[PDB]
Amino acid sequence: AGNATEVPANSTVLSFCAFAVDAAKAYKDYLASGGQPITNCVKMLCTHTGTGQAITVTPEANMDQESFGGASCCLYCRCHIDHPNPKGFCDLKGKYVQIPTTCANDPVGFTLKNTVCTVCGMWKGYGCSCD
């Protein structure tokens, strides 16, 4: 009974971060040791004529981004572990995340390392025009 959610390619990294005290550090160290990025993310078929904002209610990918389902880009949702923010709730689950095409191979790692500009809503270093 039940429906499989994962593929065998993710078993090692998911089990490693599922047991870690600091899962974010464990994932970054896993990548640094030559480990493969988490795969089986929710990649969207979209027009690519969107605003380009980082976290949206609908896919807003532009010609330089790929749109993904938010929960699938969150290490804490992927491992089924506690979220690090004090309220314990997710900011990616329930939304779509726009990831630059050059970083689309590792969406979970991209969201773990980068921040969204509170002014323009674009990723810092990847679309934020502000100073």
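Start at 1 with the first residue shown and count on from there.
- In this entry, 86 to 94 shows the higher mean Cα temperature factor of the pair 69 to 77 and 86 to 94.
- Looking at the C-alpha B-factors along this chain, the one for residue 105 belongs to the highest third.
- Ranked by Cα temperature factor within the chain, residue 4 sits in the lowest third according to the deposited record.
- Residue 17: CA B factor in the lowest third of modelled residues in this chain (values from the PDB entry).
- In this PDB entry, residue 114 carries a Cα temperature factor that places it within the highest third of its chain's modelled residues.
- In the PDB entry, a CA B factor belonging to the lowest third of its chain's modelled residues is recorded for residue 39.
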